[PDB]
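Structure, as structure tokens:
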Amino acid sequence: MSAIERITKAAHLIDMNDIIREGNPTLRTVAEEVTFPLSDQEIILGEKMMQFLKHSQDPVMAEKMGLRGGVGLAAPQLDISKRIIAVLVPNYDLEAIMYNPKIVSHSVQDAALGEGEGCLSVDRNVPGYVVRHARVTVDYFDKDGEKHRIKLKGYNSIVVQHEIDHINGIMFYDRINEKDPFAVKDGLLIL
Ligand SMILES: [Fe+3]
């Protein structure tokens with residue numbers, strides 16, 4: 001059966017085995033927008049994704065399930081090519097399951113996490129500053145089809161852009177400067 005059918009079973013607990021890794025084509029394909037109303041499966045998927053982030057952040061649960069801590073997850077990482085992402089940033093400073101998220105405005109200023117970025121789908125390290133917009137205005141729909149328009153900055157902005165990149169088939173290392181990975185370009189804010 002399809003990944004979505006499998007993952008949305010009531011009994012299913014997403015774990016690292018459901019997360020596809022580099023090389024799997026799905027991570028480089030642009031995800032299909034979801035239509036409204038959402039199917040029960042699409043709603044359940046978003047919930048399963050958020051439960052996974054919560055489990056990955058619980059020391060006891062993370063150890064038992066063999067999970068890597070994460071603050072974001074995109075459906076393509078589960079081999080589901082739908083524009084659905086989940087973000088969970090503990091202070092939670094940000095908690096959202098977003099359907100068809102889209103950046104509708106961004107700052108001229110860029111930003112990058114000082115400590116760089118990792119990815120549950122990447123088993124290895126690619127050091128460097130992952131250059132992103134410092135600030136973004138994001139439109140997304142929640143499970144009931146209601147539209148939300150939020151403004152993000154700092155770490156939250158980074159996390160959300162990172163997940164939106166997945167639904168567009170972009171990986172974090174694609175935004176690190178090949179030549180000099182730690183170059184601090186003009187207008188780049190290091191967090
Ligand atoms: Fe990722």
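Tabulated values for the structure
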quantity: Least to most buried among 140, 129, 173 (fewest other Cβ within 10 Å first); calculated: 173, 140, 129
quantity: Point-charge dipole on Cβ atoms (K/R +1, D/E -1) for the chain, about Cα centre, debye to 20; calculated: 220 debye
quantity: Theoretical FRET efficiency, 1/(1+(r/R0)^6), r = Cβ-Cβ of residue 124 and residue 144, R0 45 Å, to 0.05; calculated: 0.70
quantity: Length added when fully stretched, residue 47-residue 91, from 0.36 nm per residue minus Cα-Cα; calculated: 13.8 nm
quantity: Rounded Å value of the spacing that divides the Cα centres of segment 1-74 and segment 153-191; calculated: 23 Å
quantity: Residue 39/residue 188 FRET efficiency (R0 35 Å; Cβ-Cβ; nearest 0.05); calculated: 0.25
quantity: 5 angstrom amide H check on residue 121, placed H, neighbours 5+ away; calculated: none
quantity: Residue exposure sequence - 64, 102 - by fewest surrounding Cβ within 10 Å; calculated: 64, 102
quantity: Which of 104, 169, 70, positive extreme of dipole for the chain (C-beta unit charges); calculated: 104
quantity: Under 5 Å, built H, 5+ apart or other chain: amide partners of residue 191; calculated: 112, 113, 114
quantity: Charge tally in the Cβ shell below 14 Å around residue 150, where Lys, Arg are +1 and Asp, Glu are -1, residue 150 excluded; calculated: 0
quantity: Zero-based 5 Å bins, Cα pair distances in the chain, whole percents; calculated: 1, 8, 16, 21, 22, 17, 10, 4, 1, 0, 0
quantity: For 150, 190, 158, 7, order by how many other beta-carbon atoms lie within 10 Å, fewest first; calculated: 190, 150, 7, 158
quantity: Contour minus Cα-Cα distance for residue 16 and residue 32 (0.36 nm per residue); calculated: 3.4 nm
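Neighbour counts are summed over all protein chains in view; Cβ atoms, including those assigned to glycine, are modelled from backbone coordinates with ideal geometry. No lab work stands behind these numbers, since they all come straight from the coordinates.
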